[PDB]
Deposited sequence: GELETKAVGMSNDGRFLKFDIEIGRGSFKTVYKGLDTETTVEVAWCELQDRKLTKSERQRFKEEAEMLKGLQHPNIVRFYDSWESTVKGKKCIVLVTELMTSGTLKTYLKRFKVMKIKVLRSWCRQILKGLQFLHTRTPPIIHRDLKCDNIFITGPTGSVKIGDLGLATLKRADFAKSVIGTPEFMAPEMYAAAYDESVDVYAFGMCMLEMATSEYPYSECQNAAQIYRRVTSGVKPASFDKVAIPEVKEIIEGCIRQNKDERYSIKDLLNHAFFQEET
């Protein structure tokens, strides 16, 4: 009933005073939608002080996000202003994939093949949009376990961007022109800690040490613990330094491992 401590404009989403997860800018409460009767994540972020143009473009982006609809992607219902910004998405109650790994050291090859395949289908869906969507912050903490089946969904598109369709560019500007292969690189690291149950580059203290190891062709210490050679080769092709030498999602789905 209307225990709601927060308000919906049309009267569709009620905010309860039950904090389900606490973060940097994201304070997510437990909500409820009275139309599809689904429990809903009521998320509210710090007030964005944006101009009369960027307050505009957030609106058109929110209705883009409503067009997305994939079984491997957490659904985006609506968003609105209120006093800050409050986002409203499907509620995940089985936790994230990383916490699912924080309790066991070996994942069955069946579950790893199945869940990784569903992640690729999610990434592919985002990349086949017009304009294509690049997640840019893919990790096991942004992948959620859902349902009785135990399927996986990719959420938290906060650091995502649209695929952007000079002469003496500096080296860092050649790196600024990246693309969807940043999600493939992130997929390789996800599949790595799903088969090792160990955070990649845990032996490193900061990103500086991590960057110096990748460009020098030094993989995480945990990479030499992958028991399955076929899995080890897939991760290899995803975390290569040159983006042009990384696997494509189509080839990964057409890999013998994921067609098995």
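- Numbered from the first deposited residue, the unresolved ranges run 1-3, 87-91, 174-182, 278-279.
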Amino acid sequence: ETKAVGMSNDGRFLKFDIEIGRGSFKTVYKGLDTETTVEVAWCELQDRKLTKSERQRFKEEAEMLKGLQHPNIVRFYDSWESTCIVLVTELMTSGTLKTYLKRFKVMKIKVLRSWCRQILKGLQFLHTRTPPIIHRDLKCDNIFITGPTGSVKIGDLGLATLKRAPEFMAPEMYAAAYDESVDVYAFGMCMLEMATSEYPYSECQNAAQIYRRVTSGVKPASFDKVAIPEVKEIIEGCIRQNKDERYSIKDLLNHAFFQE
From here on, numbers count along this sequence of modelled residues.
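- Averaged over Cα atoms, the B-factor as recorded in the entry is higher for 2-10 than for the other of 251-259 and 2-10.
- Per-stretch averaging of Cα B factors for 54-62 and 205-213 places 54-62 on top.
- When the Cα B-factors of 104, 125, 115, 80 are read from the PDB record, 80 comes out highest.
- Out of 96, 72, 149, 181, the entry records its largest CA B-factor for 149.
- Annotation for residue 140: CA B-factor lies in the lowest third of the chain's modelled residues.
- Residue 84 sits in the highest third of its chain by CA B factor, as recorded in the PDB entry.
- Ranked within its chain, residue 171 lands in the middle third, by CA B factor from the PDB record.
- Residue 196: CA B factor lies in the lowest third for its chain, per the PDB record.
- The deposited CA B-factor of residue 236 belongs to the lowest third of values across its chain.
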